[PDB]
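All heavy atoms count here, side chains included; hydrogens, waters and symmetry mates do not. Note that the numbering runs from 1 along the sequence shown for the chain. Ligands are counted one by one from 1 in listed order, and the atoms in each one are counted from 1 as well.
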Amino acid sequence: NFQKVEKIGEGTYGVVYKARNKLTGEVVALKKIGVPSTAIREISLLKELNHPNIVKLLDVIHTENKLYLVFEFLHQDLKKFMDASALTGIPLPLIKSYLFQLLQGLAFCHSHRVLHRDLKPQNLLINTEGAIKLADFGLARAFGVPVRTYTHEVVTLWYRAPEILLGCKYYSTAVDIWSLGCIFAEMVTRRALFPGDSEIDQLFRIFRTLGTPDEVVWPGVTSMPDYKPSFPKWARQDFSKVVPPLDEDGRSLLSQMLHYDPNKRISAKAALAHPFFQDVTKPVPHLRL
Ligand SMILES: CC(C)c1cnn2c(NCc3ccccc3)cc(N[C@@H](CO)[C@H](O)CO)nc12
């Protein structure tokens with residue numbers, strides 16, 4: 001039903017193509033992943049979870065022991081945009097608008113009790129209208145998040161919340177707040193905040209910046225499955241050192257998004273109310289297509 005126009009990239013679950021609907025001219029992104037019917041039932045329910053900051057899921061097609069997901073197509077991703085902005089950075093009003101829009105996307109999904117679980121710049125997609133959109137929402141619950149992609153590329157740990165790294169089995173909406181916080185910091189500084197290259201390196205990078213967590217800041221932490229008394233005990237650093245030249249409001253929100261305790265970490269809804277968004281607007285990015 002579709003002719004491929006070009007390879008878009010390799011996703012966690014399979015290859016993604018820009019394609020034109022061979023009869024209707026419609027340009028879409030087709031993601032190609034026999035599948036368990038649990039994964040079919042779950043994915044199908046996502047066709048209803050529509051929001052302007054969630055990439056629209058157009059169709060799910062189960063055929064020939066393969067699964068195709070047909071999505072609306074966006075022309076750029078946030079990872080590419082950040083690399084393209086390396087030399088001068090993303091201007092603050094655009095960072096602010098993108099953070100605000102993503103939190104609206106989270107507030108929506110969270111309200112329907114759906115989490116993403118694997119937010120990263122690769123799956124935040126942007127258009128010429130100044131919009132940014134969450135892709136892959138809901139796919140982690142459907143297939144798990146594995147250690148490597150189907151092409152054996154490493155699944156990044158850089159945005160993983162510490163409760164997940166600490167072996168927690170039942171994680172909450174707060175894991176998406178943690179990742180988005182990490183992505184916010186990386187847009188501001190132009191460098192990944194916690195670029196771990198193993199689970200313990202990712203944990204220790206977290207502890208080196210935010211302090212080794214203990215029962216004072218996180219009740220129950222010492223009881224988590226992968227917690228070890230023998231973790232080195234690092235002191236917390238100042239956010240003023242971590243994401244200069246972010247302003248006091250943005251530092252305050254960041255600090256709330258990166259609370260160790262997922263019960264104390266700010267909600268997407270609360271975050272939309274933060275003073276940081278007092279003067280939020282919607283600029284246009286410059287994109288070369
Ligand atoms: C499939 C749909 C969400 C979807 C819709 N657009 N799109 C883009 N657009 C940006 C782009 C990048 C290169 C060439 C042309 C456009 C990248 C992408 N990336 C995949 C793979 O890199 C990621 O898995 C997030 O879905 N997935 C998608």
- Under 3.5 Å, is there a donor-acceptor pair between the side chain of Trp158 and the main chain of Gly196? yes
- May I ask you to check whether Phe108 and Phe137 place their ring centers less than 6.0 Å from one another? no
- Pair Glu10, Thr151: side-chain N/O donor-acceptor within cut-off below 3.5 Å: yes
- Task: Please state whether the rings of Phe81 and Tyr98 are parallel, tilted or perpendicular, taking 30° and 60° as the class boundaries.
- Result: perpendicular
- Message: Looking only at protein heavy atoms, which one is nearest to atom 28 (C) of ligand 1, and what is the separation?
- Response: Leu125 CD1, 3.5 Å
- Message: In this structure, does ligand 1 have an atom that sits under 4.0 Å from one of the heavy atoms of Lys7?
- Response: no
- Looking at atom 20 (C) of ligand 1, what's its closest protein heavy atom, distance included? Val16 CG2, 3.9 Å
- Specify side chain, backbone, both or neither for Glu72, according to which of its non-hydrogen atoms lie closer than 4.0 Å to ligand 1. backbone
- Item | Option passing side-chain contact (heavy atoms from CB on, under 4.5 Å) with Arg160 (candidates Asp118, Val175, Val145) | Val145
- Message: Considering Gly11, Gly9, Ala29 one by one, which has a heavy atom nearer to atom 4 (C) of ligand 1 than any of the others?
- Response: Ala29
- Message: How far is atom 25 (C) of ligand 1 from the closest protein heavy atom, and which atom is that?
- Response: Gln122 O, 3.7 Å
- Message: Between ligand 1 and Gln76, can you find any atom pair, the residue atom being a heavy atom, that is separated by under 4.0 Å?
- Response: yes
- Looking at atom 12 (C) of ligand 1, what's its closest protein heavy atom, distance included? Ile8 CG2, 3.7 Å
- Query: Relative to the heavy atoms of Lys31, which atoms of ligand 1 are at a distance of less than 4.0 Å?
  - Reply: 24 (O)
- Closest non-hydrogen protein atom to atom 3 (C) of ligand 1, residue and atom name please, with distance? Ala135 CB, 3.7 Å
- Task: Give the residue, atom name and distance (to 0.1 Å) of the protein heavy atom nearest atom 10 (C) of ligand 1.
- Result: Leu74 O, 3.2 Å
- Query: Would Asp83 and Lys79 count as a salt bridge (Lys or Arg N to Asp or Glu O under 4.0 Å) if you check the C-alpha gap in whole Å, the side-chain angles of each, and the deciding distance to 0.1 Å?
  - Reply: CA-CA 6 Å; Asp83 291 346; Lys79 185 152 153 201; over 6 Å; no
- Item | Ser97 and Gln101 side chains, donor-acceptor separation under 3.5 Å | yes
- Message: Run the salt bridge (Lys or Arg N to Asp or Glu O under 4.0 Å) test on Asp279 and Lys96 for me, step by step, so that the C-alpha distance in whole Å, both residues' side-chain angles and the decisive distance to 0.1 Å come before the verdict.
- Response: CA-CA 9 Å; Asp279 58 346; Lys96 180 180 297 199; 2.8 Å; yes
